[PDB]
Visitor: 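The structure that follows is given in the form of structure tokens.
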Amino acid sequence: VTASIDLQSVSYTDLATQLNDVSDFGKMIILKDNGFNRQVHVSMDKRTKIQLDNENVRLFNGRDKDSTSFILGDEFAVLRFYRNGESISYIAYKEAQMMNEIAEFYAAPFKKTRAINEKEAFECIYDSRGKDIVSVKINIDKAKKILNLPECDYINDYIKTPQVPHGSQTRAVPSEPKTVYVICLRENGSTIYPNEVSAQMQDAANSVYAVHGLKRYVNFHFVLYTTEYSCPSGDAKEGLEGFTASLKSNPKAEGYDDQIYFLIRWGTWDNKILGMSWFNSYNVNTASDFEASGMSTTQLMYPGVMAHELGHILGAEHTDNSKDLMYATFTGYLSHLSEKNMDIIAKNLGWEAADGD
Amino acid sequence: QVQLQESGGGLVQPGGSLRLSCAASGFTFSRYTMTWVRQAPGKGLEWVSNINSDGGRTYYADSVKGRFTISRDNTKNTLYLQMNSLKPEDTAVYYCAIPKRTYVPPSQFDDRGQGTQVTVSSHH
Ligand SMILES: [Zn+2]
């Protein structure tokens, strides 16, 4: 009777049929694999909206400790969850040829290696009964062990500016959350795939909502357009300074100088910097002049980079806790653990301790 | 193997209409972006139109926009090209094809049908 997804054959149409049937009451879906059966209570994520170039994208949550979640666009679907400590993504595109493109893309780093356990890290999933690829499974923890690439990091990934003077606006919980747009611009000459950008956006918004019950204060609305801007060199600081300047000469962006902006690319910057941000540059009461802007990679192997940079924009410092999203080297963790950072972030979104969690 | 078979070609006078059909088998048609291309004698292969898996998105060469309509029936595994307001320069063999990628205009294809001839005469 209960709906299920067979991970040995999961396709775009499987994911779309199951997730489109999720009502406001939620729905139990069993994830099945060889000797694996996880019952997941799936709900629509109504906190976040996403428009990419070509599609509206909807998000879905489980309520489990292994944070099962889904992404559903018109063109693609993602299932992500943790299993035995490691994050696993199932990525399924609707058009067979773009699925073929995506599979080739993700298979390419493993071409050199002939690892005996390759399928643990990367596997093409074939249509149920030459078969076609209908999804790919990626375990980035096992992939990192196999590929053994040099680590990218965040050292010196922000620009700090003289601290704002204090100037009595604080209020209780608003009757509705404030809508904050996160306007993402695909860097000129960059190829971004929708599963990769959407995952970063989901992780970014969710890193904020997990703090001080902030969905009462903010609902993020992501929008992705193309920009003619590209960073003039590999310098990240220079790149951001030029990006912020490019927002001021975009006649389309007039009227939205009080929103949050990211320049996104697939790759990284010089010294293997993953992103860049203006530090403590967004406050709900004062946001202006495109100051809440930053840059972020979108590659699947670096989850949470845009969350990390959004943390900086909202005032979060690096921490010494290697389990924190805000650690200065890349950890793959996705949650704020610093109480000081949590208080700073929430205060910039209008929360005060009197309001509770 | 992939099999594609075009039909519906013929000779018309300028201003005429034709409807091309392409019967597909050997692959899961309903999952694939599909393409019409055409080739005039001694000329390069010219992209005509794309349609995505479910028919919700269509794309056209500038020279055929407003005159040609691509469509598909995923239950009958058939691709269509409705050709109105035909002109002499539409004369060519027309092929339905699986493009290697979804980007437009495609120039690289995985398989093609054997083709159907479309001729539009001229008298000026
Ligand atoms: Zn940082």
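Indexing begins at 1, ligand by ligand and atom by atom, following the structure's order. The figures here come from the full heavy-atom set of this structure, side chains too, leaving out hydrogens, waters and symmetry mates. So that the names make sense, note that chain A is the first sequence line, chain B the second, and so on, each numbered from 1.
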Visitor: Tell me whether the rings of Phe36(A) and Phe81(A) are parallel (<30°), tilted (30 to 60°) or perpendicular (>60°).
Guide: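 The arrangement is parallel - the two ring planes meet at less than 30°.
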Visitor: Do the ring planes of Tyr32(B) and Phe27(B) sit parallel (below 30°), tilted (30 to 60°) or perpendicular (above 60°)?
Guide: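 Ring orientation, 0 to 90° scale: perpendicular.
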Visitor: Hydrogens and angles aside, do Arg57(B) and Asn50(B) bring a side-chain donor and acceptor to less than 3.5 Å of each other?
Guide: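 Side chains of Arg57(B) and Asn50(B): no pair found under 3.5 Å.
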Visitor: Using the ring centroid of each side chain, check whether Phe290(A) and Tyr261(A) are separated by less than 6.0 Å.
Guide: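 Yes - the distance between ring centres of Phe290(A) and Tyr261(A) falls below the 6.0 Å cut-off.
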Visitor: Output yes when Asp235(A) and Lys237(A) qualify as a salt bridge under the 4.0 Å nitrogen-oxygen rule, no when they do not.
Guide: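 Salt bridge between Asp235(A) and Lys237(A), a charged N being under 4.0 Å from a carboxylate O: no.
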Visitor: Could you grab the protein N, O or S atoms closer than 2.8 Å to the Zn ion (ligand 1) for me?
Guide: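 Listed by chain and number, the nearby protein N, O or S atoms are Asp157(A) OD1, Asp157(A) OD2, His308(A) NE2, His312(A) NE2, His318(A) NE2.
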Visitor: Would you say the rings of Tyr302(A) and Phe330(A) are close, in the sense that their centroids are separated by under 6.0 Å?
Guide: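 Under 6.0 Å, so yes.
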